[PDB]
Protein chains: 2
Amino acid sequence: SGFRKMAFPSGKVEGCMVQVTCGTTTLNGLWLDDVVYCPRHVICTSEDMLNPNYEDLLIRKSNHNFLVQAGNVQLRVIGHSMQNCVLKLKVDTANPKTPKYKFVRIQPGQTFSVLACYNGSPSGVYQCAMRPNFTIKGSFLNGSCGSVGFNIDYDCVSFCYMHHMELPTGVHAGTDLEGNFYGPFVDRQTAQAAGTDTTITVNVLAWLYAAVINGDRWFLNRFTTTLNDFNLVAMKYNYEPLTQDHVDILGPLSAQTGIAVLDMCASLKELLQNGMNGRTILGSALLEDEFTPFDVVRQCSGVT
Amino acid sequence: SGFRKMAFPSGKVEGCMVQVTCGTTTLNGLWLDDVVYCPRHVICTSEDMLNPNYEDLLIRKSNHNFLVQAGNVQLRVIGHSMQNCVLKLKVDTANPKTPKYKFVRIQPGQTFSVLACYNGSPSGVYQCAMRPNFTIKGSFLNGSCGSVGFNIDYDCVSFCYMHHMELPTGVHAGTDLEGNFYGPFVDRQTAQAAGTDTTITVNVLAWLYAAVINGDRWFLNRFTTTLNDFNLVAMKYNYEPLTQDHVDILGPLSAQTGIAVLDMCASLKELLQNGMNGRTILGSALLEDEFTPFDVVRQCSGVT
Ligand SMILES: O=C(Cc1cccc(Cl)c1)Nn1cn[nH]c1=O
Ligand SMILES: O=C(Cc1cccc(Cl)c1)Nn1cn[nH]c1=O
């Protein structure tokens, strides 16, 4: 027992990290097969970032201007192309450490692990959620660009995020591996509005189920609610409206605990309306929304 | 910017995990060079665990009774010996993936990453602290025994923990890599008292410094305190007494922020006495003690 904010083991991703340098700029790249993927802003200088014309900036670059180093060894760049906000550098060597992988575009509210990197070297790993407003609240300093987010299903790594920037608000924005930003963001040093964020209701309910499984049950009450009534409370408290699709995904947890989803909704309603009264749930004094129902099942069953 | 509970990249440790089976029991082992280390209770059945005579139970076992499997391949066991609560199985093949490593015994209040494993396969990684009472609050199910805790300094892995058991209270106990338990615990299914735990004061102060660096500063006040006055408050609230050695380790953070350690102590005193008044610090509604001053510096400087 016990419930922790667990990241996937990062070994398969560590074997893909490389350093990419273009001119004066260095960031991280992801080497899979014979392609290295990195943020296209590796071609910008500080002056360029205020309003870069990426097409024109890339035309001044040749394959030999992109220095790709896999720790000790240098990769030979034989092609370059820009796809949305990513550059794809074709190298003459397939990464011997390429795991089975997929590129996926995750949905807001889904979770993933991030391997924070600097100069092509992994510094740490943490689990996070894609906010409903398509930002992530990460830990990324200058040079972390190109660090990736991923999930792992047995031996297959699904890459879902590449880090590109920190908004002036301190939250993070990035793309899928085809270079499409999550959210309205553009790769330009301009103030950019992140939409109104909300709490991921289905994840908070999943986490309350994890809490009951792991011994914390003080918040369970004698009440029930309906989706309509619960959603009036979700509205007041900036929680995502709960749908039958969310109730359905909570099915396995409801079955394992014997606590009907609407009954857990009534516990959540009372916690929203009354707070925690100075108590904790799974070591947290707030309602945690970074665990999906799949995360809770995986962690509670010991999947490898 | 941004501050997360970050674990070390686990790749170097994933390459050392193996499955160890003895009779009906399977758990994880750590293969380094030509030795596999695992909890000695791999030799016990359920009946044995109430009061095992490990010496007698080990005498009924031969090298061929220990099945060691490194994912796909079987290791040949050519020796076995018990050292404290660990078994050391000498194998005929050195692990080709053995990283540079050390065995260290960490101090209470220090942090480390855990690679949770089942059947020799890594499931996830999380960061945690060794409590002042020598327990850890982990995420470990049946079969996670043998999963290890570690820190990484560039290319060197310092292994500090091997998981052995879950106390009836749901907290976790284990050993260093020489098989010595942290704390008063014994590897027996008996109710065992974990001492009174305390909050790791130096870590909470380090985390308040991380909060100021990363933009959260509402808790800073116009006050100062002394070590004696602060320790009277630490006493009332079950915090570890602060010493000059702790003040000294906070030196770099005090220098970087310009906030004297005793002034941060006065902010901590007011937070202990008044609570958070429904506010958060680095996304937490409680005072976080799982980041050491070294962790905060490492994370804030981007060390790889
Ligand atoms: O944000 C940037 C550079 C950048 C600035 C503006 C736009 C773009 Cl695409 C990139 N780096 N950065 C700084 N702290 N964290 C982090 O990721
Ligand atoms: O605690 C044990 C077995 C055990 C029981 C009693 C003593 C000893 Cl040494 C081992 N496994 N376990 C169960 N949930 N988490 C976890 O680690």
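Quick note: numbers below take in every heavy atom, side chains included, and nothing from hydrogens, waters or symmetry partners. All chains are named by letter (A, B, ...) in the order of the sequence lines, taking the proteins before the strands, and each is independently numbered beginning at 1.
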**Message:** Looking only at the aromatic ring of each residue, does the gap between the centers of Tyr161(B) and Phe112(B) stay below 6.0 angstrom?
**Reply:** yes
**Pairwise side-chain hydrogen bond (donor to acceptor under 3.5 Å, both in side chains) hits with a residue in residues 8-19 of chain B, at least two apart** = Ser10(B)-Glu14(B)
**Prompt:** Less than 4.0 Å between a side-chain N and a carboxylate O, is that true for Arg4(B) and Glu290(A)?
**Reply:** yes
**Request:** With the side chain counted from C-beta on, respond yes when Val18(B) and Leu30(B) share a heavy-atom pair under 4.5 Å apart, and no when they do not.
**Result:** no
**Request:** With sequence neighbours left out, write down each residue that passes side chain to side chain contact (heavy atoms under 4.5 Å, CB included) with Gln107(B), or none if nothing qualifies.
**Result:** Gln110(B)
**Message:** Hydrogens and angles aside, do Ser139(A) and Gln299(B) bring a side-chain donor and acceptor to less than 3.5 Å of each other?
**Reply:** yes
**Message:** Tell me every residue that passes side chain to side chain contact (heavy atoms under 4.5 Å, CB included) with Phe294(B), counting only those two or more places apart in sequence or in another chain.
**Reply:** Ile249(B), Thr292(B), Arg298(B)
**Request:** Determine which pairs satisfy ring-ring contact (aromatic ring centres under 6.0 Å, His included) with at least one residue from residues 12-44 of chain B, sequence neighbours left out, and list them in order.
**Result:** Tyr37(B)-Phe103(B)
**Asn119(B) versus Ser121(B), side-chain donor and acceptor atoms under 3.5 Å** = no
**Request:** Could you list the residues that satisfy side chain to side chain contact (heavy atoms under 4.5 Å, CB included) with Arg105(B), not counting sequence neighbours?
**Result:** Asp176(B), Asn180(B), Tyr182(B)
**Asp48(B)/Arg188(B) ion pair, N-O < 4.0 Å** = no
**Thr111(A) and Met130(A), any side-chain heavy atoms less than 4.5 Å apart** = no
**Asked** Is it true that the side chains of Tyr101(B) and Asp33(B) contain a donor and an acceptor less than 3.5 Å apart?
**Response** yes
**Message:** Assess the residue pair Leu167(B) and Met165(B) against the criterion (side-chain contact (heavy atoms from CB on, under 4.5 Å)); give the C-alpha distance rounded to whole Å, side-chain angles, the decisive distance to 0.1 Å, and a yes or no.
**Reply:** CA-CA 6 Å; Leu167(B) 296 180; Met165(B) 60 170 194; 3.6 Å; yes
**Prompt:** Aromatic ring centroids of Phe291(A) and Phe3(A) under 6.0 Å?
**Reply:** yes
**All side chain to side chain contact (heavy atoms under 4.5 Å, CB included) counterparts of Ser81(B), not counting sequence neighbours** = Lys88(B)
